[PDB]
Amino acid sequence: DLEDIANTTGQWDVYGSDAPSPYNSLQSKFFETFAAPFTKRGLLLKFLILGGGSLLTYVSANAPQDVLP
Amino acid sequence: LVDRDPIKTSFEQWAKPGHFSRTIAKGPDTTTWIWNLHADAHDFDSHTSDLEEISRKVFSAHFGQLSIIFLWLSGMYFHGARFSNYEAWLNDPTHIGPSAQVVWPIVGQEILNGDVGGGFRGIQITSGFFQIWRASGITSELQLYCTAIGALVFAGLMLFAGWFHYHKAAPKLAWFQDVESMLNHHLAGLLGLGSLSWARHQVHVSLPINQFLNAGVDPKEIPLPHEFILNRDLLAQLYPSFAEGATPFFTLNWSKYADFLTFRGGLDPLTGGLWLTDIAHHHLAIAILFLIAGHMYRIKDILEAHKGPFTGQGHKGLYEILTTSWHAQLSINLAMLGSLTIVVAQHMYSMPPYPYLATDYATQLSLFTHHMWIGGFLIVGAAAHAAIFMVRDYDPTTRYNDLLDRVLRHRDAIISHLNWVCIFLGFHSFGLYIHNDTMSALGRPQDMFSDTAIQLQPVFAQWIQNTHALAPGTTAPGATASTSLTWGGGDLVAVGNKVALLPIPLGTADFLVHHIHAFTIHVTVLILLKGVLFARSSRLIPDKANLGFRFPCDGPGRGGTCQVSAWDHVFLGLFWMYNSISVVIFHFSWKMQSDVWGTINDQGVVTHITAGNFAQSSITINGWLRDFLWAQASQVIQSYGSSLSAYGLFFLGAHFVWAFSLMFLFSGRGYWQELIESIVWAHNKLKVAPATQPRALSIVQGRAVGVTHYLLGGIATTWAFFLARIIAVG
Amino acid sequence: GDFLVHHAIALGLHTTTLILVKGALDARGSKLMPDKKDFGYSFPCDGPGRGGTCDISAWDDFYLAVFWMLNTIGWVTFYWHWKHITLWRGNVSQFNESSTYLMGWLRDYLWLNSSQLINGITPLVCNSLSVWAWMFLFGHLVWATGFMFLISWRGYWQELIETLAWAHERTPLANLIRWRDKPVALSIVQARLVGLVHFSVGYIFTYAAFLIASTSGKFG
Amino acid sequence: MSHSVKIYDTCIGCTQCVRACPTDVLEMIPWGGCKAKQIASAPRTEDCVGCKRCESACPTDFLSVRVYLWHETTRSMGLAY
Amino acid sequence: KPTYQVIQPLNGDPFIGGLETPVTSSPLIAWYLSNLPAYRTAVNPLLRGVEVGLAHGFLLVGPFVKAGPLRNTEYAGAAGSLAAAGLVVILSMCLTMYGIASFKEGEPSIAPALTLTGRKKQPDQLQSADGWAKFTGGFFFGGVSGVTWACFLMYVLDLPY
Amino acid sequence: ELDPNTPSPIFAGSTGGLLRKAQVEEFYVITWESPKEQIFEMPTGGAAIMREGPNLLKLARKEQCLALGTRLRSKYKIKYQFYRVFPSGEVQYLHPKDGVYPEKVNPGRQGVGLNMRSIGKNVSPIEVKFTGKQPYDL
Ligand code: CLA
Ligand code: CLA
Ligand SMILES: CC(=CC=C/C(C)=C/C=C/C=C(C)/C=C/C=C(C)/C=C/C1=C(C)CCCC1(C)C)/C=C/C1=C(C)CCCC1(C)C
Ligand SMILES: CC(=CC=C/C(C)=C/C=C/C=C(C)\C=C\C=C(C)\C=C\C1=C(C)CCCC1(C)C)/C=C/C1=C(C)CCCC1(C)C
Ligand SMILES: CC1=C(C/C=C(\C)CCC[C@H](C)CCC[C@@H](C)CCCC(C)C)C(=O)c2ccccc2C1=O
Ligand SMILES: CC1=C(C/C=C(\C)CCC[C@H](C)CCC[C@@H](C)CCCC(C)C)C(=O)c2ccccc2C1=O
Ligand SMILES: OC[C@H]1O[C@](CO)(O[C@H]2O[C@H](CO)[C@@H](O)[C@H](O)[C@H]2O)[C@@H](O)[C@@H]1O
Ligand code: SF4
Ligand code: SF4
């Protein structure tokens, strides 16, 4: 019995659900609160929908000398 | 049933109410069963629970088609004969504008009968006899008058073979339930021994009798009724009596020849119907195969064989029940027969096979849309009848765990995909056009999708067209031109009345129709696919094979529970395909006339029925009634008081009949009941109604009288719209 | 010419009302549905069997009515204009021997007198009107797209949404992600409405843009 | 109502008459005299969908039921999923 | 080793669908997708936020800077931001008011690790509102921002051909 | 699942039955007897075999799992049996309860059949205006 090869390394096998990469690059808390105000999210969104959306549309429509429709 | 089985009467069943399931048509009177009786008249869940007969009927009540196709054709050969114009037209083509039919001047009639060629009053033709008929290695009016009764011969006889079945005490099982040989035979010698036999009567006789027609004469100043025997002396002009060769092989010398054939490709200058010097060789080169081919074979073996991992274990065993189905081995067929008809519809217009077509515009597009509605009306069918399988046919479930039991395994799946396919199309496949409007009506062309604004630049060319007309320089031998003159490379000179085919250019406005087809071909099929697949069971109804493949709708519950079934998937799948074909047609002529059809004169300055208006202007989908529907059709709505007039004069009805379908399509049912009684009341007062309980339409009958009308309406509408814009300029 | 339209506005409010009169004259019930009530109006549908029973709620006859109120109120309006049109910047003989028939009602009017508008997106730049013609095809779509709603009938829709809501649940980068309303197909009265309330704008938004888009040009 | 369609009749005998209809109808509840003595119109109906398979067979001689329930769960339409 | 895993429809029981074929569960793919919110919730939703915001970020440029409404721009405010620093914004609260279909109101902090997780019944929800914030907050700073090293990158471009 | 593998009703794959909404809400499942190894038809489109165990297949929703009868009693057997599983336990004991075979007599349970007044002349429409004091909540 040669091709009975005792499964040339069993593996263990099933690797896992276990463990075929560490995790996520150490880049993190290099944003800690950095950009907060959706990381102070404690009551907001009403603020960013008058603000952001009055300045994607206030100046965004107006213009000092057309370049018309 | 009953009177009076079984042994004990000859005495036939004329008289005693009913027959067709068993608290049958009941003594008690009603109307529904009079659409019953005709509908489902052919069917099989009744007649007997036992195969046997049915195949013993279908091989008979088949027959009476051939015989019919045979009573038909006769009145067409007769017709294409003594109601002449064929004699007249042939000495005089490029000139004539053919007829076969003519009225009789009763009532209004005559307007319909309007000078057509060799000097007579009649109604034209877009059905290219007068052009198969080129053939006649002979010519003569009374002659077709033999071919004609030769027709009624095959008929009466190929119609007493149908007495000489079912009614005669029939074959049985083995006879078909041994399949073992069937195609062995069919393809070998008929498929073969026709194409073969057709060879022998396609150079013998025809070739020569238009080899020296393509010049002048007046017939019988040519081609006698026997002349073409042993006399292998006129076969002298159109190659050797083999001179010193004996039964091909090689110890042959050519210092100057190579038998008839000497392969063409292109188009006769004087009769651009493609060359005949070929037409023998290709039919010969067919038959051989069939001649060799129909010599398999005896059956499983070959399908009981190649399986795999995910592949089809049941591939192996792909149906004992493919000798025990029909409804199965019909539905398969229709997809092919059907899908193998509209492949005609191309090789025709971009490769005419009859003398005088193209020049003859209207007498081969009629064709390319008639052939086009079968390669579609036969395909939705080719699905219906699979649904008819998928529901019932076999006795029990003996068929098991295979290719199918597989496909079904996934099923909320194969149709899960296909769906998104369509909304990806549709958004890329129609709103595409709508951009244009919204932004060309906004108006800024900079940014449309024009054959010129969105980046594409004065060329389409580099693809495969341009490596087709140019391929006679491969393994290719050759023979001046191509294969189909409509290809990119070289040549022009085609015809001396009007035009025929030339390149046919592309890019966008060819790019995107070609894509609407995709999305149109696809969502058609979605509804038939999921329709036939979910035939018998589901998670809206599982108790759902319990009557038949029709059934109206299960019931108000589950939310909707109406359409479901698969009569109906083969009811809303017609509904699409009517488009599928109805817009493909819309495509061809707007091309084929916007470019191609048009015309030569000095310096052959080409002058299309329309200077390519297509250009920048089908891309707008209004252009499709600016340039189409409102442009052409001005010949339909001018057509009164003429000769054709029967088109404009249809085009109102049938453009009415459609706008009557919606009433059948769009409405309830205990409605026309609730109404049919008010009626039934007023009826009784005078004493005039009850007997034969008058009743409204059978939920799904109602849908039957939608659809069928919506089509014979919405369709002949254009059948008119058309013949009225090729007769008369074009 | 007027001794016909005038009999075909008369075949409208009559037919329109045999159905409304009827619609009404038993939201109560009848033979097929005897006890048709406690809810009368919009109970659209009923089970199959008995004879086969359907749009037999007094709503679905109202539903059914609104097609002839949309076919009278068209023959009638249609009529004025052709008349007026001709009776302005030109003739009247026109409506005379050319409204005594039918084809012609389509040809000269319908087919004559649209001219102006449609060659207004024209392959040769946006000319006079553009709102109108795009409306007029917006007119032909909203219409047509009635039909689904109308030849579709909740059954077929719901079921492939049964397969089409096996997606998400079975596909990554779009799992967990919960709806809060369970994917279904439209109610069995609802779509008789929506095809309509759809059939209608299309239709009423097409003459809207049709007449204007041609009483404006003229010639009249 | 929330499943209220009346199929009642007068025989409420159920032999070569009617059975069909997913779960809903556990009857045979013999009322003190009605021929083949089994009667009424339903059992506990808070279980299944909205058929009229309910008649289609065995009399209701009047109406026959259909959808009328409005208040409509999901379990009460296939699709809560 | 076998014919294809120990041959199976799903993880196990064949009465759930999924019909685990390839394109479903080949170690060839199922690993190209689980540092992220496929099988397991790494760190919280906090950080995944911006690799999601950003990656999806510098997309939507040539889509609306090379297919822009009047296209191939000679405006120094396009070949980048221009407007589309609108999409991320029209959809960076297309999200927040979907995390209102999440409430469940807590504060544990378990992005640090303890005993080889499972998050167990990790299916269904088990990510409250104070999670879906720190993601769709990672989204804005991933969207707006991921729009500028698009823009900011000059453009050295490969062309037609 | 596997570490506990307790099966009975053979199948292999299928994109048919059970999916997300049979955890997050209710469950539904049918059970049965049988003689010797026989190949069946199936709800959800597919088809497999039998022999025994519990013979306990689990099913998406209960209209689905009685159709083993609407054919799975045209294939012998008294006994077929479907219950109701939750994500936690009971109330709704589905084919459990008392007797079985819808068309016998032990008790009467529910049903009624009448409303207030019977099928008779309800040309009488809707009566009172709905008002919290006169027996129209039934
Ligand atoms: C090889 C093919 C062919 C054959 C032999 C059959 C055979 C059969 N089909 Mg079938 N079918 C086919 C092609 C075929 N089909 C195609 C292409 C389709 C797609 C449309 C269908 C769609 C179809 C359906 C939906 C059904 C069948 C059914 C059947 C069975 C019923 C036959 C019957 O009673 O006649 C039916 C014919 C009539 C009752 C005559 C009415 C024809 C009207 C609509 C006229 C058509 C319009 C025309 C312009 C009118 C004449 C002109 C007028 C203006 C003067 C039978 C076994 C039925 C079944 O229940 O299975 C057992 C089922 O109804 N077929
Ligand atoms: C003009 C048509 C109208 C429209 C728009 C549709 C559209 C559709 N039908 Mg349909 N149908 C119709 C009439 C219509 N039908 C009628 C009259 C009938 C029978 C009489 C049917 C019978 C039918 C069947 C049996 C089927 C369909 C299916 C479909 C879908 C196919 C996939 C697809 O490409 O959709 C998406 C694409 C479009 C709808 C076209 C583009 C729409 C444009 C205008 C873009 C608009 C988007 C834009 C963002 C607007 C937002 C702006 C804001 C102001 C709102 C699609 C939803 C099938 C299906 O669902 O398969 C996938 C199914 O097979 N239909
Ligand atoms: C009997 C015979 C034959 C033949 C031949 C044949 C047997 C031929 C045939 C052929 C066939 C064909 C050629 C076909 C045709 C078809 C058609 C034409 C159709 C068409 C169409 C289409 C396309 C589709 C549908 C419609 C229609 C119909 C139109 C013979 C026999 C023999 C013998 C034994 C003895 C010696 C001699 C011989 C000779 C050896
Ligand atoms: C009013 C009417 C009619 C109408 C009509 C209309 C208003 C319409 C109709 C239509 C019909 C139709 C229409 C049929 C047909 C047909 C055909 C023949 C077709 C063919 C085709 C084909 C082949 C396929 C598809 C395409 C087409 C369609 C072409 C009538 C009335 C009356 C009166 C007074 C009383 C007595 C009776 C009468 C005398 C009757
Ligand atoms: C209008 C309409 C009706 C009413 C249509 C009817 C009643 C048509 C049937 C009329 C028959 C054909 C008249 C037959 C009478 C003559 C054959 C008798 C005299 C014999 C001749 C000599 C005249 C339905 O029944 C229906 C059913 C389901 C969905 C939609 C609809 C639908 O839209
Ligand atoms: C398509 C279709 C569906 C499917 C349901 C669909 C497609 C709903 C799809 C949603 C569309 C895309 C919403 C777009 C509508 C917008 C104008 C927004 C509506 C805003 C409202 C509040 C007014 C049915 O359920 C149905 C039921 C009965 C008869 C016919 C049909 C039918 O034709
Ligand atoms: O009216 C639109 C017009 O104004 C813009 C908008 O940014 O900005 C002007 O404002 C600055 C501020 O100093 C001025 O210097 C100069 O006019 C513009 O930068 C400009 O885009 C628009 O052209
Ligand atoms: S009428 Fe129907 S179910 Fe009612 S009592 Fe009879 S069969 Fe029973
Ligand atoms: S009629 Fe109603 S109660 Fe009866 S089975 Fe159908 S749904 Fe259930």
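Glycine is treated like the rest: Cβ placed from N, Cα and C.
The feature [4Fe-4S] cluster 1 binding site is assigned by Swiss-Prot to D:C11, D:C14, D:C17, D:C58. DSSP gives D:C11 ([4Fe-4S] cluster 1 binding site) a coil state; it is part of no helix or strand.
For D:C21 ([4Fe-4S] cluster 2 binding site), applying a Cβ distance below 8 Å and a minimum sequence separation of six or more within one chain yields D:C48, D:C51, D:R53, D:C54. The [4Fe-4S] cluster 2 binding site annotation in Swiss-Prot covers D:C21, D:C48, D:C51, D:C54.
According to Swiss-Prot, the domain '4Fe-4S ferredoxin-type 1' annotation covers D:2-31, on the basis of sequence analysis.
Outside the domain '4Fe-4S ferredoxin-type 2' (D:39-68), and at least 6 residues removed from its termini, the chain residues within Cβ reach (under 8 Å) are 1-12, 14, 17-18, 20-27, 29-31, 75-78. Per Swiss-Prot, domain '4Fe-4S ferredoxin-type 2' is recorded for D:39-68.
Within 8 A of the CB centroid of the [4Fe-4S] cluster 1 site residues D:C11, D:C14, D:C17, D:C58, the other residues of that chain are D:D9, D:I12, D:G13, D:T15, D:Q16, D:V18, D:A36, D:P59. Applying an under-8 Å Cβ distance to chain C, the binding-site residues D:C11, D:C17, D:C21, D:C51, D:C54 reduce to D:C51, D:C54.
Each of the binding-site residues D:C11, D:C14, D:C51, D:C58 was checked for a CB under 8 angstroms from a CB of chain B; the ones meeting this are D:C51.
Listed binding-site residues D:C14, D:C51, D:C58 compared with chain F at a CB cut-off under 8 A give D:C14 as the close ones. Screening the binding-site residues D:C17, D:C21, D:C48, D:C51, D:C54, D:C58 for a C-beta under 6 A from any atom of ligand 9 leaves D:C21, D:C48, D:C51, D:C54.
A Cβ distance under 8 Å defines the sequence-distant neighbours of the domain '4Fe-4S ferredoxin-type 1' (D:2-31), meaning residues of its chain 6+ beyond its ends; these are 37-72.
Counting only same-chain residues at least 6 apart in sequence, those with a Cβ under 8 Å from the Cβ of D:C11 ([4Fe-4S] cluster 1 binding site) are D:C17, D:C34, D:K35, D:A36, D:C58, D:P59. In sequence order, D:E27, D:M28, D:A36, D:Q38, D:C58 constitute the residues six or more apart from D:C14 ([4Fe-4S] cluster 1 binding site) in its chain with CB-CB distances below 8 Å. Checking the binding-site residues D:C11, D:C17, D:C21, D:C54, D:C58 against chain E with a Cβ-Cβ cut-off under 8 Å leaves nothing. All protein chains considered, the CB of D:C51 ([4Fe-4S] cluster 2 binding site) has 29 other CB atoms within 10 Å. The most densely surrounded of the binding-site residues D:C17, D:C48, D:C54, D:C58 is D:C54 (count of other Cβ atoms within 10 A of its Cβ). According to DSSP, D:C17 ([4Fe-4S] cluster 1 binding site) sits in a coil region rather than a helix or strand. Taking DSSP states H, G and I as helix and E and B as strand, the domain '4Fe-4S ferredoxin-type 2' (D:39-68) has 0 helix, 0 strand, 30 coil.
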